[PDB]
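A single chain, nothing else alongside it, follows as structure tokens in the form deposited in one PDB entry.
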């Protein structure tokens, strides 16, 4: 049995799948965090090696035989490649783990799970990113620069607009579009501080990007219960997300438009659980972005969700990096959830 493995990590979820020669998924094991910014490359190496061994036991596979390849689909933030270093520390500490390594990106590992010839992903999790891989080599992207330089339409951004808007309102630097009450109270309560000064501590001493972006869930709840300000912030995240697509539009190979689905857009990230709250902003940004840019027309799009971990894409790409091609059941890996054709 020749085994190929993929890893999903870098963000909040971490996971390993192992795949056989024939593309049959052998086992899945969940793991501890592999965000290399919060944890070092020492721990990263440790949790990856545990994860894979546990999965090997689970699959009924020879514990001593090294993986043919291991495809690591990781949300970089900075591809400052210490991904190079991760591979080096990996083959240094555990030489029996795998014969070969591939570090890719979360976007490329997702795309790889859904289609055999590239496509388009829109990511909205704690951060955001939009990426494209054409049927030929060509790649292209918009805005995966993290929290200090963009992330428009992410959980961070939704959270940041939320506090930015109350700060500016009280200050009289800008008038809010709708009442400040619910969010102002949600804020103080979530961060457990009485006033605006209390919020500074969480920004510059503490700073917990994870806690901060968590605030998005409270805006989502408030929006669901009809608080206009909350509904507003989710509309604008819809636009920002829609704009990422508009941005990459000129770079898309025309054949990707010309099917029954039309342009398939893979939607990765938990913010998409609030799709109903993003829908209008998203539809708007696209609708105004096809007047300004292209009479060279795509007629429709459909949105898709993954049904297996991006680790499956990882495994796929890890095999591709060596000799092999892993068979893939692309119908099973992703499903349609929304469709729209411009009228």
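Positions refer to the first chain, counted from 1. Rigid core (definition): largest C-alpha set, two forms, superposition within 1.5 Å.
Same protein, other form: the form deposited in another entry, not shown, and the subject of what follows.
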* Pick from 285, 303, 306, 27: whose Cα moves by 2 Å or more between this form and the one not shown, rigid core superposed? -> 27
* After a core superposition, would you say residue 50 shifts its C-alpha by at least 2 Å between this form and the one not shown? -> yes
* Asked: Superposing on the rigid core, do we see a C-alpha displacement of 2 Å or more at residue 97 between this form and the one not shown?
  -> yes
* Asked: Does residue 81 show a Cα shift reaching 2 Å between this form and the one not shown after rigid-core superposition?
  -> yes
* To do: Look at the CA atoms of residue 80 and residue 160: state whether they lie closer or farther apart in the other form than in this form, given a difference of 3 Å or more.
  => farther
* Note whether the distance between the C-alpha atoms of residue 150 and residue 80 decreases (closer) or increases (farther) in the other form, against the displayed form; the change is 3 Å or more. => farther
